[PDB]
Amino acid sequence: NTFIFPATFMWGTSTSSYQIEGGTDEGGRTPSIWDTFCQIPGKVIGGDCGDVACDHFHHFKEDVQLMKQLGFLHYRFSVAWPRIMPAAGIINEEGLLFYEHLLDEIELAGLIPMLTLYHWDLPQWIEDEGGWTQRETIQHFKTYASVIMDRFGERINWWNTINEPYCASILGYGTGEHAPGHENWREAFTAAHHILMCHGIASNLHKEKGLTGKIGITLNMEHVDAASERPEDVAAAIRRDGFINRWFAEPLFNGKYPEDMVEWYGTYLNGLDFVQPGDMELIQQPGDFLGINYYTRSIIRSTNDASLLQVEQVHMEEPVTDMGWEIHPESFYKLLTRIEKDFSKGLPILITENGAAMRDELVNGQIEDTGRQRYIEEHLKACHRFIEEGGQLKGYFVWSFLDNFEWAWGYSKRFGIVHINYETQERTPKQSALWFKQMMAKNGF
């Protein structure tokens, strides 16, 4: 078995601002909804907060150098909205200088950046006005996106508008699992609509400002399997798929929300009253590429409970990461095929995030994470088959250059190919990272 990837295949690693930066109250940064969320008992394991994190705010120059010598040519990172707009009518020059400096380091190292505008760290002052449940917030996003595009843009080759609309809306306002932590389906769906519009707002700004960099949204998507052949389990699986995949993909490519899901949500949608004339047109802008984040699949069975979808995920025990997520690379191939099928069909596809959190152990100064290594290798084999079969896959970013604040999981789960000693902040590439270095060198494995 020998796998060779396209000549121009984009290889990179990704991170997000709140998960790795630290310096939460430095350089004028004011709190994000996560700084507040992490303080609510029971919301984050161990009660962890993004305070300090990997202290990237102070070690960025070394981290990008580590990337370079690790063989990477692409780096996707996000900007912390709170550093840019710490309060209404602000515009923090000190915040813009951090990224300007980050970008100087990237360029000096010869790296190509991808800047993600929104990676879940909404400024708390905005959430105080109602957050994503308010149309007005889109105006604030305009302010943010415009500033970032004017101060940069002539230096940004890749624009990633919104990272996972699903998580920010559904988990952030519906299940209460992510910040701000509301549990109101009405707000969640309104929130999802507003965030999708922000991809449109950023897209409109991009064309108006005449920027040349590629622009695209990033959706987390998962392959969905029915637990059994029972008709209700198949219907249940259809619902999960509409819930996470179609609800966001349909508006992006087809200008509409899944009718079957629109009917199921019924009263929570309150007649789609939050949808204003032109909104759907604003949202339907695929851009230059579709960003995809993939990790696992779901096995769904039907239930007649009190939940929104009335669905239960049967958890697999064999082949799973340190987070209990099943490792099923085959599903990754099926999903990419399906995405090409409906939605993108020709449009370049970019895997902005793929990776695994395994239990690490430092032995003789090294991290023999054969598990994480195998996980990445196998999913790449899936990507290979999609390619070679015509699939328009053009790049792959391993999620987590560094172990970091893994949201509700806290620091207990490590996704990095590079190990972080939280007691000293010392960085140490894991074996999976070394394997990745040479792999990109041969661009194949």
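Each residue number is its position in the shown sequence, starting from 1.
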Quick one: say whether 433 to 441 or 14 to 22 has the higher mean Cα B-factor in the deposited entry.
433 to 441
With respect to the recorded C-alpha B factors, which stretch has the higher mean value, 235 to 243 or 259 to 267?
259 to 267
Have a look at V224, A356, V320, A80 and flag the one whose Cα has the highest B-factor in the entry.
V320
Looking at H315, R374, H194, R76, which has the highest Cα B-factor in the entry?
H315
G216 CA temperature factor, ranked by third within the chain
middle
The third of the chain into which the C-alpha temperature factor of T190 falls is the middle
Which third, lowest, middle or highest, does the CA B-factor of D55 fall in along this chain?
middle
For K142, the third of its chain by CA B-factor is the middle
When the deposited Cα B-factors of this chain's modelled residues are ordered and cut into thirds, is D35 in the lowest, the middle or the highest one?
lowest
